Amino acid sequence: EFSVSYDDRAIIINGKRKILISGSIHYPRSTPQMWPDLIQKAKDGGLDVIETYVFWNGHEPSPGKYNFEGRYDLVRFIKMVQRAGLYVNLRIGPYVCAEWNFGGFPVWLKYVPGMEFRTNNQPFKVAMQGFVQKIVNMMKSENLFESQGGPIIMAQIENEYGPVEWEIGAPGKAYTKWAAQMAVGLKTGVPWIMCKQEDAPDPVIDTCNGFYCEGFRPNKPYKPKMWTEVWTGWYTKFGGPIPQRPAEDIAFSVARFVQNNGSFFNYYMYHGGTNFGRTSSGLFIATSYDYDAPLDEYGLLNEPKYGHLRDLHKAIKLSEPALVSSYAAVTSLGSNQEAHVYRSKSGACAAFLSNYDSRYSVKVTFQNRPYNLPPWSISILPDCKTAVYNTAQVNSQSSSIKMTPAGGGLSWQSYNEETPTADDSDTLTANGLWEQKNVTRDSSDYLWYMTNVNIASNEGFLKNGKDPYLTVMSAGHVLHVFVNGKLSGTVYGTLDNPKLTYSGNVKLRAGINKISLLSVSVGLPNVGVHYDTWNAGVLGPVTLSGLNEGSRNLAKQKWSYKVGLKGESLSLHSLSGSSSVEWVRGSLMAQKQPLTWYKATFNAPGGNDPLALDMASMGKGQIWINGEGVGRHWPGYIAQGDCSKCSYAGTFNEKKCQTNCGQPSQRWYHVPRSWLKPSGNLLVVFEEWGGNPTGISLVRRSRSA
Ligand SMILES: *[C@@H]1O[C@H](CO)[C@@H](O)[C@H](O)[C@H]1NC(C)=O
Ligand SMILES: *[C@@H]1O[C@H](CO)[C@@H](O)[C@H](O)[C@H]1NC(C)=O
Ligand SMILES: OC[C@H]1O[C@@H](O)[C@H](O)[C@@H](O)[C@H]1O
Ligand SMILES: OC[C@H]1O[C@@H](O)[C@H](O)[C@@H](O)[C@H]1O
Ligand SMILES: OC[C@H]1O[C@@H](O)[C@H](O)[C@@H](O)[C@H]1O
Ligand SMILES: OC[C@H]1O[C@@H](O)[C@H](O)[C@@H](O)[C@H]1O
């Protein structure tokens, strides 16, 4: 009925070789009502395939219970791509990286007895095969593979394992062989792929990720050349800038790939979207996953990038009959110039004329005709005679972003978060320090490390003008130090270095002194060899210096623990949770105070424009609207890095075109209209650092010229 195969040239769909233009759109980083519009714009962008990861931890929060409703409705998403007449590349994983919490793995998976992530491990294999098996079965049951008449033309198993296999050695090769054998053994009827897998076993095709992938070649001569990730920009991290990749560079890199035998490429990302809630983003990754994608975070067209790529795809589609019926033949044109010519026995001719010089514009002669090639550009001649397209020459409209305030300020109400201290009636205690994930299981960002310090009256610092010295070392990621219910200092880390040290003088009086430590995790690591084994939270050393005794090792004593916030267990984020009205309705009330809840009621602004929250007046925490988590906020973390002016021309790197530095890492936070009633919308903000609620504004996202 239907079939998907491959050869040395391309992917074969229904007996025909296909040059496939793909774009990556992750379903849980958007709302179910946004999906149709995003998929439509992708279709209009010239994409044949929609690519997406499958997010395990979002699907299986409990060892047994599954979730496939709301924006985690994977089956809804794929059927929507079908209704748009497009194909799907399903990158299953289960490891997805994706700047996604814990790399996509559920946190409970770590605590299954004898477990080891991404290796020749029995508990892992069982767990891995179970979920992968479930996903394939679900896809079959709704007839979603191309062989059944569905959109799914290929699937990915694992993500960029090559580098890990290298470091871990023999268990790595065994697991790879297993993973491949297992995946293919599921009889999907469609080919399987593996990115960054130089030794992917047959019949799995190894693919390429990166900014450029033209020099790439598969591990077998009978396997097609595929680029699973054309990085359209880079992710944003809290503390970091907003990176961008120029459209002219992307188009050049794509052209370099197509001209040189490349038959499949995928834009990572085509739509980046948002990291809603507290289980989406990876370690220190911002809520915004804009990625400088052709479709911005809010689903608006990122111009000129969208249109310029749309024109590129039109040129490739015009060149397609030749591309599938011939191979790339190189003819030198000059010192830094080449012509890749696709000449069919039928007589079809497509030519790509390149200029790799990034300094000067160059003129070449191809088949008696002159061509002017801008620096660092490729011209496409679909008929071999006339150049319809050039990668450095944008004929699409540019546009800027404006955030227009909608309505006015809100009447705010405030609730204080308690500062818990160690009691003798505490059940969850230990004679030392515990790791944060071990305790919280990522059910909350917050964990309280509590202990009591007894200060004898014969102490030296009490009689004279001396202060005791406290040193608290944490593995990450934010630490708040409270002595006797009062804040003594705050430290926070970076993505590269999340480990923390607090140091300072403390106010200790005679008797029992209570120490309260609040340890916050800002997402979990998603990449790295043995990344799951990395620590979070206060594990010491924890010392109290300046006593009659030299220095007291506070790590070696009884510690109480409390998971989450009193504000969380009371479920203050939802409307039915915000019932314990200990809310200060005060005309004059809470402002710039740590650990504070806020709530206001608003009406949905009149129009079609997408919405955000200007939170520049605030510090850090998380946001809910009508019970649904908008995600974390951290406008208090200012963007760091070198942010020079950049030219499209020349080799790109993540740091080449960085913007928004000396500014809040993220200021506006995406609010889907899909989440709003016409009136009586509940807006709950937990403010961890301290900020002014009256400053918070609802804004309208508009782009033009
Ligand atoms: C394109 O692939 C064919 C098939 O192997 C090969 O003979 C040819 O050298 C390739 N062209 C280039 C420019 O690499
Ligand atoms: C994890 O918690 C358990 C008790 O639930 C405890 O026995 C163990 O020491 C903890 N491990 C770490 C590394 O904190
Ligand atoms: O944006 C960074 C990207 O890095 C790639 O190597 C990975 O496959 C993606 O999942 C994403 O994490
Ligand atoms: O490696 C995949 C595994 O699949 C299981 O279902 C089977 O019981 C094992 O023998 C092994 O084949
Ligand atoms: O913060 C804990 C971890 O931090 C990572 O950046 C590092 O690669 C690991 O070795 C471990 O130290
Ligand atoms: O345009 C692609 C180019 O990317 C550069 O980073 C690389 O040094 C060149 O060899 C070429 O691959």
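Residues numbered from 1 in each chain as written, not as in the entry; some residues may be left out. Chains lettered and ligands numbered in written order. Heavy atoms only, no water.

You'll find the chain entered in the PDB entry as Beta-galactosidase, with Solanum lycopersicum given as the organism. Its PDB record names the entry "Crystal structure of tomato beta-galactosidase 4 in complex with galactose". Per its UniProt entry, the chain bears the Catalytic activity (unreviewed entry) comment "Hydrolysis of terminal non-reducing beta-D-galactose residues in beta-D-galactosides." Under the UniProt heading Sequence similarities (unreviewed entry), the entry covering the chain gives this text: "Belongs to the glycosyl hydrolase 35 family." (UniProt positions renumbered as here; feature names shortened; annotations may be inferred.)

So what exactly am I meant to see when it comes to the sheet that holds strand β18 (residues 377–381) here?
Paired through backbone hydrogen bonds, the strands of a sheet run either parallel or antiparallel to each other. Within the open sheet, the five strands sit side by side as β13-β14-β15-β18-β19. Their pairing is antiparallel. Of all the strands in the sheet, just β13 (329–332) and β19 (389–390) have a single pairing partner and so form its edges. One ladder, built from five bridges, connects strand β15 (residues 349–355) with β18; its direction is antiparallel. Within β18, the position partnered with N355 by the bridge is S377. (Pairing = 2+ DSSP bridges. Helix = DSSP H or I, 4+ residues; strand = E, 2+ residues; numbered from the N terminus.)

Teacher, can you tell me more about the layout of surface pockets here?
Gaps between atoms show up when a probe of the same size as a water molecule is rolled over them. By volume, the largest pocket amounts to about 1,000 Å³. Surrounding the largest pocket, 38 residues form its lining, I242, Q244, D290, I401 and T659 being those nearest its centre. Contributions of two or more residues to the lining of the largest pocket are made by α7 (247–259), β20 (400–405) and β39 (697–704). At four residues, β20 tops the list of elements feeding residues into the lining of the largest pocket. Mapping the lining of the largest pocket onto the domain boundaries places at least three of its residues in each of domain 1 (1–398) and domain 2 (399–419 + 564–705). (1 Å grid on protein atoms, 1.4 Å probe; cavity = no way out; pocket = protein on both sides within 12 Å on 5 of 7 lines; lining within 4 Å. Points joined across faces, edges and corners; volume = space filled by probe spheres on them. Domains from an automatic or database assignment.)

It is not clear to me how unusual backbone geometry should be interpreted in this structure. Could you clarify?
Leave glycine aside and you will find that most residues have negative phi; peptide bonds, for their part, are mostly trans. Look at the link from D202 to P203: it is a cis peptide, with omega at 0°. Here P203 lies in the loop between β8 (192–195) and β9 (205–210). Cis geometry is adopted by the peptide bond preceding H477, which originates at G476 and carries an omega value of 0°. Examined against the element boundaries, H477 turns out to sit in the loop between β24 (469–474) and β25 (478–483). A positive phi angle, close to 45°, is found at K592, a residue other than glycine. By the secondary structure assignment, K592 is in the loop between α11 (566–569) and β32 (596–602). On the basis of relative accessible area, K592 is assigned to the exposed category, the value being 56%. (Buried < 20%, exposed > 50% of the residue type's maximum accessible area, 1.4 Å probe, protein only.)

How should the site of ligand 5 be read in this particular structure?
Taken together, the residues surrounding ligand 5 are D496, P498, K499 and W534. Compared with its free state, where it exposes 310 Å², ligand 5 has 56% of that area covered by protein. The residue makeup of the shell around ligand 5, split by class, is two nonpolar, no polar and two charged. (Near = heavy atom within 4 Å. Areas by Shrake-Rupley, 256 points an atom, 1.4 Å probe, with all protein chains shown as cover. Nonpolar A, V, L, I, M, F, W, Y, C, P; charged D, E, K, R; others polar.)

I tried to follow the domain arrangement of the chain on my own but got confused; where do I start?
It is common to report an interface's size as the accessible area lost on association of the parts. What the domain assignment lists for the chain is domain 1 (1–398), domain 2 (399–419 + 564–705) and domain 3 (420–563). Computed over C-alpha atoms only, the centres of domain 2 and domain 3 are separated by 29 Å. Counting residues at the interface gives 17 residues for domain 2, matched by 23 residues for domain 3. Inspection of the region where domain 2 meets domain 3 yields two salt bridges. Residue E418 is joined to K562 by a salt bridge in which the shortest nitrogen-to-oxygen separation is 4.0 Å. (Contact = heavy atoms within 4.5 Å. Salt bridge = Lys/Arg side-chain N within 4 Å of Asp/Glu carboxyl O.)

Would you mind showing me how to read the pattern of salt bridges here?
Charged atoms that come close allow side chains of opposite charge to pair. Counted by the stated rule, this structure contains 27 salt bridges. Salt-bridge contacts for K110 lead to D532; the nearest nitrogen and oxygen are separated by 3.8 Å. In this pair, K110 sits in the loop between β6 (87–93) and α4 (122–141) while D532 sits in the loop between β28 (511–520) and β29 (538–545), placing the two residues 422 residues apart along the sequence. Here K110 falls in the partly exposed class, since its relative accessible area comes to 22%.

Mind showing me how you'd approach the packing of aromatic side chains here?
Each pair of aromatic rings is reported with the distance of its centres and the angle of its planes. All told, the structure shown has 49 aromatic pairs when counted by the stated rule. Relative to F117, the ring of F102 has its centre 5.8 Å away and its plane inclined at 70°; by these criteria the two rings are edge-to-face. Remark: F117 occurs in the loop between β6 and α4 and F102 occurs in the loop between β6 and α4; sequence separation between them is 15 residues. An identical accessibility class is assigned to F102 and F117; each is buried. For the pair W634 and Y637, a centre-to-centre distance of 4.7 Å together with 55° between the ring planes defines the contact as tilted. (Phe/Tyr/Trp six-rings, centres within 6.5 Å; stacked < 30°, edge-to-face > 60°.)

Looking at this model, I keep getting lost on the side chain of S379. Mind explaining?
Within the secondary structure layout, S379 lies in strand β18. With a relative accessible area of 4%, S379 lands in the buried category. Only 2.7 Å separates the side chain of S379 from the side chain of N390, close enough to count as a polar contact. Not counting residues up to four positions away in its chain, the partners in contact with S379 are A351, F352, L353, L373, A387, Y389 and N390. (Polar contact = N/O pair within 3.5 Å; in protein donor to acceptor, adjacent residues only side chain to side chain.)

Teacher, can you tell me more about the site of ligand 1 here?
Taken together, the residues surrounding ligand 1 are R217, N260, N261, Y327, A328 and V330. In the environment of ligand 1, an oxygen atom lies 3.0 Å from a nitrogen or oxygen atom belonging to the side chain of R217. The contact in question runs from a nitrogen atom of ligand 1 to an N or O atom on the backbone of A328, over 2.9 Å. Considered on its own, ligand 1 offers 360 Å² of accessible surface; in the complex 59% of this is hidden by protein. Residues belonging to the shell around ligand 1 are distributed by class as follows: three nonpolar, two polar and one charged.

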